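Visitor: so I pulled this structure from the PDB, and the sequence comes with it:
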Amino acid sequence: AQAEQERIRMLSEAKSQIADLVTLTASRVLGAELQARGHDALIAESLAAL
Amino acid sequence: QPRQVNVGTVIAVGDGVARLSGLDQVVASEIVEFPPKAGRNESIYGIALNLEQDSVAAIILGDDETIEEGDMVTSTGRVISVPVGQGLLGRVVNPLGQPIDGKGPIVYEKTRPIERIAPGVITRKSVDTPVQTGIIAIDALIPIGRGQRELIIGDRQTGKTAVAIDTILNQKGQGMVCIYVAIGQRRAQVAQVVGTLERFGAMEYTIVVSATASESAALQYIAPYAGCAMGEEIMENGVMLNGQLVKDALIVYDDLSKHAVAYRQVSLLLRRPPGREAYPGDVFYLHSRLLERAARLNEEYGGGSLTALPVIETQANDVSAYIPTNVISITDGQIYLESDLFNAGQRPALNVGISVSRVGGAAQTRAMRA
Amino acid sequence: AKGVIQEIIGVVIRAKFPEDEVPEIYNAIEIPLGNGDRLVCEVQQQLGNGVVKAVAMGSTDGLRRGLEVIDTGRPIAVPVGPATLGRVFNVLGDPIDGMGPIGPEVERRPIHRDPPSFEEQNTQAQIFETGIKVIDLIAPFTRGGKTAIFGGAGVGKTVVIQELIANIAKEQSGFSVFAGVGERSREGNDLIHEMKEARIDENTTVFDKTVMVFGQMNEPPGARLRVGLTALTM
Amino acid sequence: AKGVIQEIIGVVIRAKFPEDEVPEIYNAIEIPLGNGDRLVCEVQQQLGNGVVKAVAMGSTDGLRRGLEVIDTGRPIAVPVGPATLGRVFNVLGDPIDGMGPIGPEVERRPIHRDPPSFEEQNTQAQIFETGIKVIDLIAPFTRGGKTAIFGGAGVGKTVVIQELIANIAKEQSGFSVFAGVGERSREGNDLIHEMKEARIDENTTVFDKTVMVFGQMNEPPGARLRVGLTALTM
Amino acid sequence: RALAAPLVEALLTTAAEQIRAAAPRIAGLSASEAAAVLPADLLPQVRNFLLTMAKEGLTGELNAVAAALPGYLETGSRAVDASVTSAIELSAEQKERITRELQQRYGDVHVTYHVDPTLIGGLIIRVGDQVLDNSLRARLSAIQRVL
Amino acid sequence: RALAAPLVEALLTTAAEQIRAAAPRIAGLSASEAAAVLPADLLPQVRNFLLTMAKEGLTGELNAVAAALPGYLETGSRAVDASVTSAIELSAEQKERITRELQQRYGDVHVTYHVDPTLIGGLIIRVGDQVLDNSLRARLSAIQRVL
Ligand SMILES: Nc1ncnc2c1ncn2[C@@H]1O[C@H](COP(=O)(O)OP(=O)(O)OP(=O)(O)O)[C@@H](O)[C@H]1O
Ligand SMILES: [Mg+2]
């Protein structure tokens, strides 16, 4: 039972690490896209609520 | 999905207490977020306790070394709340509902606010269904019934945690969901308790809410109220245990004296005026809020119940101290464990002469009562 | 007659009122909540410039630092009359029992009243006839006097209370009042309500002859402080 | 960086830094103090517009207001590794023995670290034979667990500790750490040195397997406060 | 009333002019140092206030006091200090465009544009004590919650 | 705005005091008449404020301008509560008379009127912490002498 619980914990930790790596990769891709296109296009979103 | 949030600036952060400057229209017990910044990728929440003119003194639910002067705090509109439901059974969670056993995320759909008003004046009912502790001395002489809050008061090492764990283990098939709130208890001892619960298969119906000693005094202060909210949800909505809609909860506060110490720490760091033994004035109110939420509701309100088993250590068997007398006044009965009886071979160590159960025979089976 | 909350520290609320409309020392503040009901505070200290420090009487876990407060002018007004008989009330006089609210026609009296003057006091102590042999022999009461029981649970204290109510209601007119100040909600409620509703005398339940006001331990300190005065007014 | 001391209250030093360069809660600041030796304070509180309250961990009895303070930007870093074996350190990790300073290549770890999580806790323990009848019979000394002796002034805490070290320090099967927080430098240390250097384990002394951090009774409050954390980091 | 208003406005303008002109006169210079630096470019009350400010040497933000002089004519309250943070350094045209755009409150409010390039392509606009955050770092965390 | 408080408050108080002091001497003057009447040694705004009102003939209201002069650089909350009690309910011209004779205490500070009909004649003037009673004091003093 302890081995099964450890396996479940390891699976959860692996899923968490995969999510963190995916978030880091998405952040890097978004940063590259912002550097290429330019953040100025987001300025129009300032009037959504303000 | 952009939204406008109220923002303040941390103008003074100290030993777990921060003055949040301008956070106007903040609710009196909100959760300030402290959004992540350079060097910290997570959010450290806090409880906005003192709403003073031009200041919001907030205790910090976490590590305050990362918070820096001038940091922006966003006031989440929600009052301090804890996730509740079926998903917490068998999980060790810190008082914020975040798992600390690393077995995955907590699957939940409802978050009940801690620090809720008592279940009601007329909504309760007479305590009749017994709680089978499994200890002959308790089950025969000092009965505990569903909906009765029974203090376990004793010296430093007499068997209080042992009695609580025996009670938790005995509720195998009696349709009871146990909760073990570990306030100020060392992490190794909480790990030992969890190992004992898992060894006897009592972790299929137990929720452990641990705010260990290293964790900030705010977490220890809210440690019992979370968990009490969990039991409130269990008695009000029920959980599917063994295919049955169990609506009975048995909550054990590991040490309310450590909770009172944590409240004293957060009050004195907030520079609130002290009282007796440096405790704040409203600490009897502190414990009466927590213990009066354990009730046996009538059939019109669900018929569920919440049984509380507070635990208190007394210095040199001084049951005349401030917190021990307060909680003795609050509770419906006392279980006195003495070192003199414990050493003399009486292992449960109950001082049956002075231990009392105000519910009495109504908390016993007719066979046991006879 | 409308002020703004300034500070909120636990169950103590500081509120700034206009200069010429500061509430008195025992008036009610009656903070209105969003969900329809109100939070009735009680002033305790006039200070500063239009600022009053008051006790919450409630949780104060949903209040900002700008909410309006409506001074009621008079202290906490509690319903008094034959209508408030056989009913359970809280510190504010709001009926907490299952039955409906008290009608507007019932007289409301201030919670704070002056005790009777010296001239009205009886010049000779008089025994109070309870009917219980041991009580009327060993420890006789006093008409307008105070008696304290020192007993735990399972000793029949509740039954003694019920019989005292029944005897005073039979031999005299004998309406009774019960203020549970800082009681366990289990002992004070649903084990006093049910026992007195079940207990009957001259086909009338004891609960029908008794008023109840309950400020329990869960309520803030102000409620437990003023529940006794509520019962005294009733 | 480059703040100025405002107040010197005991060993607590309040320093004002630029608005955007305030040190963190547990950072270490330094007073140059002249003479080529500096006073290392540890921040404890942040009070407002660049004002931070720190603990001197030193004499702090010859420095004036207005002295500059340099913010290191990191908490107290102490050497860790085999380089610390067989050496005696301060609270700051600076060796006080006659041997030379620890090299830059040795890793520096902060003395303020998170304790092990709930997952990492090891609840397995077994009896540790110590050779003392009362300890091995009534309250067995625990291998891999926490134990302590609570004694008054006149009782023999030091004698019991020294006997325990003599009994169990030869057959260590590992390294050892001794922290002398607030203890006499006569017996608590410098004669444990004599006993530890005299004991020999196969031509390697017990002192060669020991990291000893001191901070004893003579040191100001800050050193005694953080010497335990330094030893724990080592 | 009317005479007081013109008088108050004239006094405020004179004070602002004196502060702007003589702010750097006694700036930093100590009580003895700035005493000679103290020129006749101030009223006797203004000269006394400048001497008090420069006695310690904190006569650096006197221009802000100058900025405090005109607003005190109209009871101030026009600060509406807002702060805009975007990942890319703001170009002057778009900077002016968004300065004009936040006219819902007071118009071109006091805006201290920042960068903080840790953000990705978004806006963090804090007006008073209300902050609006459409930065893609915020969306990043709001998606990363899946963890 | 915060930095304004000391200097602006001092200048406004000086202007108010100068205008109030020159109110008796400079009454019903003109630009040149008040220039020869009002002292030119005062603040540059003070002399201008003294001359401009007289030039337009509003010099009588110039003292009232002084009343608003401190409040232009103050919270204007320290106005004496000069309570005026009189059994006869007072008309608007009566209240104007009372305030215009009451400006000798500070300025036209916050004045509140009450009736207390049991008074006869006279009026009770409670300025700050000094009370002048002139209504029923005579009768009750007489009844004290008689008894
Ligand atoms: N039959 C028994 N019943 C109860 N306690 C027992 C029994 N046999 C042994 N014990 C003792 O009880 C201990 C269990 O911990 P215990 O319940 O006394 O902790 P506690 O009262 O919470 O104290 P602490 O403050 O030290 O954590 C065992 O380690 C043992 O010393
Ligand atoms: Mg315990």
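Guide: Okay, I see it. Numbers count the residues shown, from 1 in each chain, chains lettered A, B, ... in the order given. Ligands and ions are numbered 1, 2, ... in the order given.

Visitor: for residue C:79, give its distance to residue F:51.
Guide: According to Cβ to Cβ, to the nearest Å, residue C:79 stands 70 Å off from residue F:51. (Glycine included, C-beta is placed from N, CA and C.)

Visitor: right, I mislabeled it, should have said residue E:94
Guide: With Cβ to Cβ as the criterion, residue E:94 and residue F:51 are 51 Å apart.

Visitor: who has more neighbours, these two?
Guide: Using other Cβ atoms under 10 Å in any protein chain shown as the criterion, residue E:94 and residue F:51 rank with residue F:51 on top: 23 against 17.

Visitor: I figured that one hits residue F:33, correct?
Guide: No. Residue F:51 lies out of contact with residue F:33 (Cβ atoms under 8 Å); the separation is 9.2 Å.

Visitor: in the stretch 51-200 of chain B, what residue comes closest to chain C?
Guide: residue B:118 (3.7 Å; Cβ to the nearest Cβ).

Visitor: ditto for chain A
Guide: Closest point on chain A to chain C, by Cβ to the nearest Cβ, is residue A:49, at 21.6 Å.

Visitor: surely that residue is in a helix?
Guide: No. Read with DSSP: H, G, I helix; E, B strand; the rest coil, residue A:49 is coil and lies in no helix.

Visitor: based on its surroundings, how many neighbours for it?
Guide: Residues near residue A:49, counting by other Cβ under 10 Å: 12.

Visitor: how much space separates it from residue E:145?
Guide: For residue A:49 relative to residue E:145 (Cβ to Cβ), the value is 22 Å.

Visitor: contacts for the helix or strand hosting residue B:166?
Guide: Taking DSSP states H and E as the definition, residue B:166 sits inside helix B:160-170. Identification of contacts with helix B:160-170 by Cβ atoms under 8 Å, 6 or more residues apart in numbering or on different chains yields B:131-135, B:138, B:144, B:152-154, B:178, B:180, B:189, B:193, B:196-197, B:200, B:202, B:206, B:250, B:252, B:254, B:309, B:311-313, B:335, B:337, B:348.

Visitor: okay, and which of those map to helices?
Guide: Per DSSP state H, helices hold the following members of these: B:138, B:189, B:193, B:196-197.

Visitor: what subset of those residues is buried?
Guide: B:138, B:189, B:193, B:196-197 (16 or more other Cβ atoms under 10 Å in any protein chain shown).

Visitor: and those residues as CSV, adding distance to chain D?
Guide: Formatted as CSV, those follow (distance: Cβ to the nearest Cβ, whole Å):
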residue, distance to chain D
B:138, 27
B:189, 9
B:193, 10
B:196, 9
B:197, 12
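
Visitor: how about the residues you listed, which pair is most distant?
Guide: B:138 and B:189 (22.4 Å; Cβ to Cβ).

Visitor: contacting residues for the nearest residue to residue E:123 once chain neighbours are set aside?
Guide: Once flanking residues are discounted, residue E:123 sits nearest to residue A:46: 5.0 Å by Cβ to Cβ, 6 or more residues apart in numbering or on different chains. Applying Cβ under 8 Å, 6+ apart to residue A:46 gives the contacts E:98, E:101-102, E:123, E:125, E:134.

Visitor: could the residues you listed be laid out in a markdown table, adding secondary structure and neighbour count?
Guide: Output for the contacts of residue A:46, formatted as a markdown table (DSSP: H, G, I helix; E, B strand; the rest coil; neighbours: other Cβ atoms under 10 Å in any protein chain shown):
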| residue | secondary structure | neighbour count |
| --- | --- | --- |
| E:98 | helix | 22 |
| E:101 | helix | 16 |
| E:102 | coil | 20 |
| E:123 | strand | 24 |
| E:125 | strand | 23 |
| E:134 | coil | 20 |
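
Visitor: save these as TSV, and put in distance to residue D:91 too.
Guide: Output for the contacts of residue A:46, formatted as TSV (distance: Cβ to Cβ, whole Å):
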residue	distance to residue D:91
E:98	52
E:101	56
E:102	52
E:123	47
E:125	47
E:134	48
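
Visitor: which one of these is nearest chain F?
Guide: residue E:102 (20.7 Å).

Visitor: now that closest one: phi and psi?
Guide: phi -80, psi 50 (degrees, to the nearest 10).

Visitor: for chain B, which residues are neighbours of ligand 1?
Guide: B:156-162, B:189, B:313, B:347-348 (Cβ under 6 Å from any ligand atom).

Visitor: swap the cut-off to 5 Å and go again
Guide: Contact residues (Cβ under 5 Å from any ligand atom) of chain B with ligand 1: B:156-157, B:159-162, B:347.

Visitor: centre of the chain to the longest strand seen in chain C, how far?
Guide: Counting residues, the longest strand found in chain C (DSSP state E) is strand C:2-9. When distances are taken as Cα atoms, centre = their mean, to the nearest Å, strand C:2-9 is centred 26 Å away from the chain's centroid.

Visitor: likewise for stretch B:294-309?
Guide: That offset, for stretch B:294-309, works out to 17 Å (Cα atoms, centre = their mean).

Visitor: report the buried residues of stretch C:166-182.
Guide: C:166-169, C:176-182.

Visitor: likewise stretch A:13-25?
Guide: Buried-residue list, stretch A:13-25, by 16+ other Cβ under 10 Å: residue A:23.

Visitor: outside of that stretch, which residues touch it?
Guide: Contacts of stretch A:13-25 (Cβ under 8 Å, 6+ apart): B:102, B:104, E:140, E:143-144, E:146-147.

Visitor: return the set of buried residues in the helix or strand harbouring residue E:12.
Guide: Following DSSP H and E, one finds residue E:12 within helix E:4-22. Neighbour-count burial for helix E:4-22 flags E:4, E:6-8, E:10-12, E:14-16, E:18-20, E:22 (criterion: 16+ other Cβ under 10 Å).

Visitor: turn these into CSV, columns for distance to chain C.
Guide: CSV is the format used below for the buried residues of helix E:4-22 (distance: Cβ to the nearest Cβ, whole Å):
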residue, distance to chain C
E:4, 24
E:6, 31
E:7, 28
E:8, 25
E:10, 32
E:11, 29
E:12, 28
E:14, 33
E:15, 30
E:16, 32
E:18, 35
E:19, 32
E:20, 37
E:22, 38
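
Visitor: starting at the chain centroid, how far to stretch B:144-157?
Guide: With Cα atoms, centre = their mean, you get 14 Å for stretch B:144-157.

Visitor: any part of it near chain D?
Guide: No. Applying Cβ under 8 Å from any Cβ of the partner chain, one finds stretch B:144-157 separated from chain D by no less than 10.6 Å.

Visitor: which residue does chain B have closest to chain F?
Guide: Counting by Cβ to the nearest Cβ, chain B gets nearest chain F through residue B:54, at 13.1 Å.

Visitor: contact partners for that residue?
Guide: B:21-22.

Visitor: skip the chain neighbours and tell me the closest residue to residue 27.
Guide: Looking at chain A here, since you left the chain open. residue E:140 (5.9 Å).

Visitor: nope, chain B
Guide: residue C:62 (5.4 Å).

Visitor: and the one you found, which of the three is it?
Guide: Per three-state DSSP, residue C:62 ends up coil.

Visitor: which residues in chain E form strands?
Guide: So, for chain E - with DSSP E - the strands run E:82-86, E:123-127, E:130-133.

Visitor: could you check whether stretch B:312-328 is close to chain D?
Guide: No. Residues of stretch B:312-328 are not located near chain D by Cβ under 8 Å from any Cβ, the shortest gap being 12.9 Å.
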